[PDB]
Ligand SMILES: *[C@@H]1O[C@H](CO[C@@H]2O[C@@H](C)[C@@H](O)[C@@H](O)[C@@H]2O)[C@@H](O[C@@H]2O[C@H](CO)[C@@H](O[C@@H]3O[C@H](CO[C@H]4O[C@H](CO)[C@@H](O)[C@H](O)[C@@H]4O)[C@@H](O)[C@H](O[C@H]4O[C@H](CO)[C@@H](O)[C@H](O)[C@@H]4O)[C@@H]3O)[C@H](O)[C@H]2NC(C)=O)[C@H](O)[C@H]1NC(C)=O
Ligand SMILES: CCCCCCCCCNC(=O)CCC[C@@H](O)[C@@H](O)[C@H](CO[C@H]1O[C@H](CO)[C@H](O)[C@H](O)[C@H]1O)NC(=O)CCCCCCC
Ligand SMILES: *[C@@H]1O[C@H](CO)[C@@H](O[C@@H]2O[C@H](CO)[C@@H](O)[C@H](O)[C@H]2NC(C)=O)[C@H](O)[C@H]1NC(C)=O
Ligand SMILES: CCCCCCCCCCCCCCCC(=O)O
Ligand SMILES: *[C@@H]1O[C@H](CO)[C@@H](O)[C@H](O)[C@H]1NC(C)=O
């Protein structure tokens, strides 16, 4: 079993009040069954688009989640991943620069 | 150098549950999706059919339709025969296709529980050094199936290069698309850490460097290439610096799409 690495980054320069796209890229996991949510202020965002799961040269799986977002200085955004390799869900908050 | 990969993922959960899903990639652009849910192979591009006629495509599709059911039956049946020694859950991955050259080489690799165990090479299937010894007998059996060996050899040696040359022609404008990067700077709010962000570029080759005037700052750490959802790439390059030394620094970007007019962001 392999633990998912999680990276969160924005499609365009994050400018407050401008609509944008936030990406959550989950990598290096096995087995492929996995549950990925993106969060605004700690709540599940409803419309989260997902790429088809694929895998790398080393056979580890990867997948890209993405959703529309508008950054402001009153909002946090995160990506929570549940997977058999980890006891509890792992969450990565958006760096705010990325 | 374009590498065509068909990536098959099979999960077997217990005896009454399994799914097989596939995705196909020409280089870094996804060309096909084949969900367990669907009887047919779906296109993720307008040119996903290559130069194959509607009939020629259906014949190839049928062959893979037959394969998927047969493969599932065979793995289910192997597990019953080996029980309780080999038992659920089981994950099988196949990576198969061909790497084109100015000429091509083909491959078919199989992983079991995340480890590479089996390949097709030449005229036969074979386990690889260090594979579990219980795979040797099932692979010998499979190697007796002459017709399967012959179809696999056709598929690897001939069909794959022929079909990909069809994709390279049919999807030329899409494969040779130029998308421009946008960049922006940030830092961790002791020595600071400057981050130059570069998103939206295609194709993959790119150059990102921190600069002071014309001097490349060789402490520049290049991050991994992260995909965007719109078939463009994301990359960041960071530099660890002392405070007060950030004046006069800049991030310089070069990319094919920019036509020699580099991006320069002064800190
Ligand atoms: C498809 O292409 C195959 C080769 O390409 C590789 O595999 C495919 C799947 C791709 O992944 C591609 O990227 C790879 O490069 C091709 O396989 C070849 O088929 C012939 C038989 O038709 C084999 O020839 C036999 O060779 C053996 C010796 O093999 C050993 O030694 C050589 C080194 O000299 C190594 O290359 C091998 O790895 C082995 O270690 C001979 O013993 C044998 O000679 C005897 O039998 C023949 C009858 O066939 C008589 O004429 C002779 O006089 C002898 O009595 C063969 O000559 C060849 O080994 C095999 N290549 C490999 C690498 O295994 C396959 O045939 C293609 N099929 C089609 C339908 O196109
Ligand atoms: C536990 C981890 C083990 C992983 C290692 C084992 C991997 C085994 C992989 N096996 C296969 O890919 C083949 C499975 C299907 C095959 O065994 C046959 O059942 C199937 C049907 O064969 C019969 O009909 C064919 C005509 O349809 C031929 O005439 C054949 O002679 C006859 O026996 N074979 C196929 O579907 C062959 C074509 C698909 C091959 C594609 C491989 C990616
Ligand atoms: C994956 O896809 C195949 C589609 O063929 C499913 O296989 C069928 O499974 C159902 C069980 O609900 C049976 O009624 C059929 O006999 C099966 N069909 C064939 C052709 O074998 C399979 O169930 C799917 N798996 C999941 C998890 O959805
Ligand atoms: C196995 C080598 C394939 C060579 C032929 C390539 C052109 C046909 C593309 C078929 C894509 C179907 C995806 C299923 C992949 C699989 O299950 O192995
Ligand atoms: C088989 O596996 C599925 C998915 O893991 C599970 O939900 C189901 O309960 C299992 N069925 C049986 C009959 O054991």
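Heads up, the Cβs are rebuilt from the backbone with ideal geometry, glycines too, and the neighbour counts pull from every protein chain shown. Numbers and lists here come from the model and the stated rules, or from a named source; these are not laboratory values.
General observations
- For the range B:230-256, a tally of residues being under 25 Å from residue A:64 (Cα atoms) and away from every other protein chain (no Cβ under 14 Å) returns 1.
- The listed residues are B:166, B:171, B:200, and the only one of them that is buried (at least 18 other Cβ atoms within 10 Å of the Cβ) and in the same structural domain as residue B:96 (by CATH) turns out to be B:171.
- Just one residue in the set B:27, B:50 is within 14 Å of another protein chain (Cβ to nearest Cβ), on the phi > 0 side of the Ramachandran plot and more than 16 Å from ligand 5 (Cβ to nearest atom); that residue is B:27.
- Hey, residue B:117 under 15 Å from residue B:71 (Cα atoms) and either more than 13 Å from chain A (Cβ to nearest Cβ) or in a strand (DSSP E or B) (or both) or not: no
- Filtered residues of the range B:107-124 (kept if within 12 Å of ligand 1 (Cβ to nearest atom) and farther than 16 Å from residue B:27 by Cβ): B:108, B:109, B:119, B:120, B:121, B:122, B:123, B:124
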